[PDB]
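A.B. asks: Pasting a structure here, questions to come.
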Ligand SMILES: Cn1cc([C@H]2C[C@@H]2C(=O)Nc2cc3cc(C4CCN([C@]5(C)COC[C@@H]5O)CC4)c(Cl)cc3cn2)cn1
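Residue numbers (the numbering used here): 383 to 644.
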């Protein structure tokens, strides 16, 4: 296909609304990723949020075009793929790689939270890598504003991916945005270090979640995780969101500051 001055060659992925494709300009040869959305006030909010974004660990937004019903969203091609494709099932990845990726994910989540934006769907599929293996947070179709004019807005909409969602989304009418994003980062850490998700959903009906609350760390995936990162996970994966660790305090954690290599 050809649109204006681009050639949509490779399918990079697909979401609820539309799909992402590779667009190499027939004139300049610049490689970008285009989100082609067929057909509400949700695309107005997405293009808006994307404009506000300027950070090394957040996907580059270039602009937006149109073709009647079909919308075109311009984004940086993350030429290194996704974090999901770097996690080996039942194993994970070397702990020094996991720590570096977790530092870069915290740098991205701090930035988004500082501009009053919550991603709302942090998981390995949304965490892309560039040429140098720099982590970039992608896909703002569920991103909402949680702070405006220094005033915090509580959330009520349930969204995300069940294995990554915090328990307060399923139990409470309204909840704070930042702890929900912190919880999903801990599930991403658990995935990087054990190549396995701890539970289907964080509910009182789910046995693997009950086991974690009963402190049974002698079970998988926890037994594949060293005591230092596991101590951090005990602070991130706390049910009551008011007792959960904040990002400034994750920055003071022993494993987060532990020198690693090889
Ligand atoms: C030089 N070279 C590069 C390659 C390709 C490997 C490189 C790649 O895939 N890059 C890439 C991929 C991108 C994917 C997305 C989307 C994220 C979100 N998912 C989901 C909706 C979430 O969960 C389920 C769905 O996977 C859809 C896709 C976006 Cl927004 C931007 C992207 C930019 N760049 C080959 N040669």
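The beta carbon of each residue, even a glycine, is placed where N, CA and C say it ideally should be.
Let me know the secondary structure DSSP gives residue 614 once reduced to three states.
C.D. replies: Helix at residue 614.
A.B. asks: Which residue wins for smallest C-alpha separation from residue 428, given the options 408, 403, 399?
C.D. replies: The residue with the shortest Cα to Cα distance from residue 428 is 399.
A.B. asks: Is the distance from the Cβ of residue 584 to the Cβ of residue 547 below 8 angstroms?
C.D. replies: Yes.
A.B. asks: By Cβ distance below 6 angstroms, which residues in the same chain neighbour residue 535 in space, the five residues on each side in sequence not counted?
C.D. replies: Once the five neighbours on either side are set aside, the close Cβ partners of residue 535 are 528.
A.B. asks: In angstroms, rounded to a whole number, what distance separates the CA positions of residue 578 and residue 388?
C.D. replies: Roughly 39 angstroms separates the two Cα atoms.
A.B. asks: Could you give the distance in angstroms between the alpha-carbon of residue 642 and the alpha-carbon of residue 478?
C.D. replies: Cα to Cα, the separation comes out at about 5 angstroms.
A.B. asks: When the Cα atoms are used, what is the spatial distance from residue 424 to residue 455?
C.D. replies: Going by the C-alpha atoms only, they are around 13 angstroms apart.
A.B. asks: If you draw a straight line from the alpha carbon of residue 420 to that of residue 402, how long is it in whole angstroms?
C.D. replies: Whole-angstrom Cα-Cα distance: 12 angstroms.
A.B. asks: For residue 608, is the classification buried or exposed, using 16 other Cβ atoms within 10 angstroms of its Cβ as the cut-off for buried?
C.D. replies: It is exposed - the Cβ of residue 608 has fewer than 16 other Cβ atoms within 10 Å.
A.B. asks: Given a threshold of 16 other Cβ atoms within 10 Å of its Cβ, counted over all protein chains shown, does residue 460 qualify as buried or as exposed?
C.D. replies: Its Cβ being crowded by 16 or more others within 10 Å, residue 460 is buried.
A.B. asks: For ligand 1, is there a heavy atom less than 7 angstroms away from the beta-carbon of residue 402?
C.D. replies: At least one heavy atom of ligand 1 is nearer than 7 angstroms to the Cβ of residue 402, so yes.
A.B. asks: At which residues does the beta strand (DSSP E) containing residue 389 begin and terminate?
C.D. replies: Looking at the DSSP string, the run of the beta strand (DSSP E) that includes residue 389 is 388-396.
A.B. asks: Quick one: does the C-beta of residue 573 sit closer than 7 angstroms to a heavy atom of ligand 1?
C.D. replies: Not under cutoff, so the answer is no.
A.B. asks: What's the call for residue 563, buried or exposed, on a 16-neighbour Cβ count within 10 Å?
C.D. replies: Under this definition residue 563 is a buried residue.
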